[PDB]
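Single chain ahead, written as structure tokens, the form deposited without the ligand.
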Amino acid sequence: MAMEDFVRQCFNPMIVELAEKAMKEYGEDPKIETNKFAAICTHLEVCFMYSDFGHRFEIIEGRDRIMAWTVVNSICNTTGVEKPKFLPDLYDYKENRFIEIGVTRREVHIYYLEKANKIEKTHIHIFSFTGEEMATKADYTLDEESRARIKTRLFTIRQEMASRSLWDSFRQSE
């Protein structure tokens, strides 16, 4: 599968390995669920990029669950902020709030609603592969250059997938 090779070529081994671990520990073969694999990589990367543009952020995503909950818990006890129900993606020490990051192949408002419906003090920031984003109260957290870098990376993933005729498949599997 070119999709599997593409992921190998375009994300760095840590992201790939982290994504593989996540899949394989819950019994999902990344060689069969190749679109899932690519999405998990994409989303991890966005999450890592977003933290890197700060340390302003605590990365919650990509840790094993024990660690993620340890981190979340340690944040709740030292700040007073409510413990989210699910693991969010980041903690913002400047705005003192968790962030859930969304990456979508569909309309950003659509994905934003799904996340907001699923979530309750958590800040939501959705990115698309089109350069669109949407964020709680139109507060985008990052500065424009960091956001522009995320969107550039995401648009380049799309185009790479499209160079390899994987984009149509990838787009319809969200």
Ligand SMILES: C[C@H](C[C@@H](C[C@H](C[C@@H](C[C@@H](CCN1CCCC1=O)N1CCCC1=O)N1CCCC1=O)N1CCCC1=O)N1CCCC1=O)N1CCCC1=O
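Position 1 is the first residue in the sequence shown; the rest follow in order.
Below: the form solved in complex with the ligand, not depicted.
Q: Site status for the ligand after superposition of its pose in the deposited complex: open, or blocked by 3 or more ligand atoms within 2.4 Å of backbone or C-beta atoms?
A: Judged by the transferred pose of the ligand in the deposited complex, this form is open (no ligand atom within 2.4 Å of backbone or C-beta).
Q: Given the ligand in the deposited complex, answer whether the residues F48, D52 and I59 all have a heavy atom inside 4.5 Å of it.
A: Every residue of the candidate spot has a heavy atom within 4.5 Å of the ligand in the deposited complex.
Q: Taking heavy atoms only, is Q9 within 4.5 angstroms of the ligand in the deposited complex?
A: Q9 lies outside the contact set for the ligand.
Q: Taking the ligand as it sits in the deposited complex, is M14 near enough to touch it, meaning that at least one heavy atom pair lies within 4.5 angstroms?
A: Yes.
Q: Quick one: is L166 in contact with the ligand in the deposited complex, heavy atoms, 4.5 Å cut-off?
A: No.
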